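>>> 3D model of this:
(4 chains)
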There are 4 protein chains.
Amino acid sequence: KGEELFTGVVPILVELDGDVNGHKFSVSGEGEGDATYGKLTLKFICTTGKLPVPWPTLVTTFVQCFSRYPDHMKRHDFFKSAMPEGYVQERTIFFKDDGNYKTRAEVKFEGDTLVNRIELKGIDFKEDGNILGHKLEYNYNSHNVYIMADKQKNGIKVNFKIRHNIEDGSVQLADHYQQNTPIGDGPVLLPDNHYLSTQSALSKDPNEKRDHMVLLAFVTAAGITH
Amino acid sequence: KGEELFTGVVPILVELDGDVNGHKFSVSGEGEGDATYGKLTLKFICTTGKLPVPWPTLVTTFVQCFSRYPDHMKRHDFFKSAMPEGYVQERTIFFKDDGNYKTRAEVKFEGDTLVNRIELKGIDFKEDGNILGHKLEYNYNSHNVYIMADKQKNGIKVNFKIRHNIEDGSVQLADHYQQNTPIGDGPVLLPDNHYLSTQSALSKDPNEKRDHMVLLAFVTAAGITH
Amino acid sequence: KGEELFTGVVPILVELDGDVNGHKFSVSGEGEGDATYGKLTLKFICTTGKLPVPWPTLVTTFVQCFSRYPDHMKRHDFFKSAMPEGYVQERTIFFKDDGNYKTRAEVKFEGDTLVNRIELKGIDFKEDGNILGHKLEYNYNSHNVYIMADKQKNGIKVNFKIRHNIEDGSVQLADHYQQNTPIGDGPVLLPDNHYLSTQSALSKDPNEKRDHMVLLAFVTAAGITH
Amino acid sequence: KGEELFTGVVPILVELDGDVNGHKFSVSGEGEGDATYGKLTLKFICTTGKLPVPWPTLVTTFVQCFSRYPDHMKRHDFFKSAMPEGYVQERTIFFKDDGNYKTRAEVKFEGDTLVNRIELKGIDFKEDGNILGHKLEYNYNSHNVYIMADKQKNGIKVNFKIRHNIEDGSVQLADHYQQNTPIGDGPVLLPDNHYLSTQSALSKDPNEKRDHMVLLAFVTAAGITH
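Numbering: from 1, shown residues only, chains lettered A, B, ... in the order given. Right below this line is the structure:
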């Protein structure tokens, strides 16, 4: 009965407080999602000045409730089943041969808006590595995100490896370990194993002078025909 | 050979001259595509006044060389192999229980830009139908586009059905019959049967008073692992 | 309606009368299929002596109603909707750089059994080619079979290319052009574009002295999530 | 350099010692695999008399080195990279609302034959549940098996949920937790996340009087196009 909150266009609000190797920063984001098409549009502004890490590294952190679950897979959509109350999304993101991000987020409805409020901590980054050295290109690849139930936590476990292209033609992996648990006590759907196929386009606003990211995503669940 | 021209961001120009049931109209489009990511961005303006048909019905008419062909399918990308000389793309589009569009286009490079120049004729539309009655929603679904070689023409045949959501909650089908033939006479890649998986985002430029459409697309080839 | 006849194990009979370059031959087959699992098992015997062509070249000729259509695609299964009256299945099979087979078959129920009765004519084969020179390996690859409705015939058009491994390490293509038309005149399901994914195991019955083939197949429809 | 041991047909030997709730049993199996097609054929004999659990429940226990990894995914085939030395395959299989199986197997080459030597322990089964009550049907569904690297163990972690149809029309889940670790010290490929699509056909030998299972499987890896 959470799926019905997502049949139309839903306003999104995103706020993040972060710290990577002692570099403090905040980001605010806003846009809208239309989960019927698995589509979302968001714009992010670093409100504390220059972002200390590359924008691409925060795409996964900045609302999987907006994925398109096709009609035959609707019994497997944990994300929307947890709403309006929401879910807590936690991750550890291991940058290959560099630091890690640990994030904790609350994804829930605040009135009619879907809010994603995040805290992020980055530790052990090389000062001249690809992340703090700003060596990633401003683009993004398409991935598969593997979901499985975690029946003991009443939530789900999620694993995927992001590929960030590097300015020299190599690739920086970011291994994502994730867990989602309901905030409410209402019943949730615990899905069968499946995956999400993702696509992301990064761009800029020609008239925006603050450091910023314009993001459009398409995400569609697949994997189950039983 | 031709695929070398698409390894970076390529400027695009679209030009269409149309006539639907005698209603004449012209649209110009511009933007860019990055085939490495199967992505493109374009803004279309109706330069003659209001569009007499819904914008969504012209998305497929308005550069399948911008699809992403994964490296294991590179031998199957007819579209870029015809470049720079280009190809002619012709369609009959049958709107179920209504009229049809017939289109002929030349897609080729003119300098450094990839231009799509089109002529379109629509006949037999119902004045009270979904098309001239403007009853299509401003949204777009994801499709599978089926491609097969047409050896005798040294080109390809392509077939697919677009699903246009109507404001009354029904879907209007648009059955596409398409053929592509190279403009040049040199060798082109003729593919084994496969498909392209498409996603399209339609939106509006908030600063624009003319009738127009902003489109972002993602398209990736699939269906071949040999 | 027709799909009700395939919820359990259905006996199958196959009968083919062939003529390739004047070499006449007949084959009979029998076994069973379980469409719930998209599976079938058949044993074929050449009742006239040795087969004048390789067994693998006749696998596609020798009951696509035994495919598994997942429940979200049940509206798209033309094959079972034509049952019990059946359909006529016709092909032209073009062996690249060699001859062609033309086939006409009636697939329908005769009592409780689903029988596939075929006539095949092969012309223009090279005496030293891979087919009459028996140079095909006794193995079979997995394919994607593309299906589209052919509204005017109230049937379907199907296209695919089979890859036959040759003993010298090369692959021999067999381009299939196929059309299916219902034998009865009542309504049938006409599908949206989709495909079937096929797998075939060929083997020998260790106790059998006649020329023969044991075949097990798995086939499942895909490509539609709407 | 382990992939080369699987280019042709490879003899398989399977031996299992088990005990489920104090019911001791042994099974021997033999056949052959052709990983180029992702294909295997095996026959099992309960050599201690009547099998105490349903044959379908042991299919997953009775050589993922026989999966077909298509050419573009060959850097992700952990199973063949570990050969000739092999890997240890461990699982816990939780039957929903019933007992669990814990298995440990050695999969390695013994001369030219690929051997799978297993020990299985079943605990906590209901004496009249679906397993010890012999309530499962003799058939099998197709599944996706999700693979991820376990870089700390130099092996892989595997999760999937088998669906066993029950004689009353319901389904018995069997949740599979699996881990594979190399037996040798040679280097192995640690794959990116991906999955295997499986298909299995169970049958009987008309002339065999011992309790037995005849099994044919097709398995193909998918999921990676980078």
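
>>> From now on I want contacts and neighbour counts done on CA atoms only, so please keep to that.
OK.

>>> Quick one: name the residues of chain A near chain D.
By CA under 8 Å from any CA of the partner chain, the residues of chain A that approach chain D are A:144, A:146, A:160, A:161, A:192, A:193, A:223.

>>> if we go to 7 Å?
A:160, A:193 (CA under 7 Å from any CA of the partner chain).

>>> Sketch out the helices for chain A, chain order is fine.
A:78-81 (DSSP state H).

>>> Which positions in it make contact with chain C?
A:70, A:72, A:225.

>>> ok, and the closest non-adjacent residue to the last one?
If the residues on either side of it in the chain are set aside, residue A:225 comes closest to residue C:70, at 6.3 Å by CA to CA, 6 or more residues apart in numbering or on different chains.

>>> Compute the number of surrounding residues for the one you found.
Applying other CA atoms under 10 Å in any protein chain shown, we find 20 residues neighbouring residue C:70.

>>> for it, phi and psi?
With angles defined as degrees, to the nearest 10, residue C:70 sits at phi -60, psi 150.

>>> Report the contact partners of the residue sitting nearest the centre point of chain A.
Using CA atoms, centre = their mean, the residue of chain A that lies closest to the mean C-alpha position is residue A:60, 3.3 Å off. With CA atoms under 7 Å, 6 or more residues apart in numbering or on different chains as the criterion, no residue contacts residue A:60.

>>> How much space separates it from chain D?
Taking CA to the nearest CA, to the nearest Å as the criterion, residue A:60 is separated from chain D by 17 Å.

>>> go on, residue A:7?
Going from residue A:7 to chain D by CA to the nearest CA gives 29 Å.

>>> what's the burial count for the nearest residue to that residue once chain neighbours are set aside?
Of all residues not flanking residue A:7 in the chain, residue A:36 sits nearest, at 6.2 Å (CA to CA, 6+ apart). Other residues near residue A:36 come to 17 when the count uses other CA under 10 Å.

>>> distance of residue A:36 from residue C:193?
22 Å (CA to CA, to the nearest Å).

>>> Repeat that for residue A:133.
The separation that residue A:133 has from residue C:193, given CA to CA, amounts to 49 Å.

>>> Looking at these two, which is more packed in?
residue C:193 (22 against 14).

>>> Could you double-check that that one sits in contact with residue C:148?
Yes. If you go by CA atoms under 7 Å, residue C:193 and residue C:148 touch, sitting 4.6 Å apart.

>>> Quickly list what residue A:214 is bridged to.
Counting by DSSP bridges, residue A:214 is bridged to residue A:43, residue A:203.

>>> if I look at it, how far off is residue A:138?
11 Å.

>>> got it, and residue A:147?
With CA to CA as the criterion, residue A:147 and residue A:138 are 27 Å apart.

>>> Tell me which of these two has more neighbours.
Legend: neighbour count by other CA under 10 Å for residue A:147 and residue A:138, higher for residue A:147 (23 against 17).

>>> Tell me what the spatially closest residue to that one that is not a sequence neighbour is bridged to.
Nearest residue to residue A:147, sequence neighbours excluded (CA to CA, 6+ apart): residue A:158, at 4.6 Å. Beta bridges link residue A:158 to residue A:147, residue A:178 when assigned by DSSP bridges.
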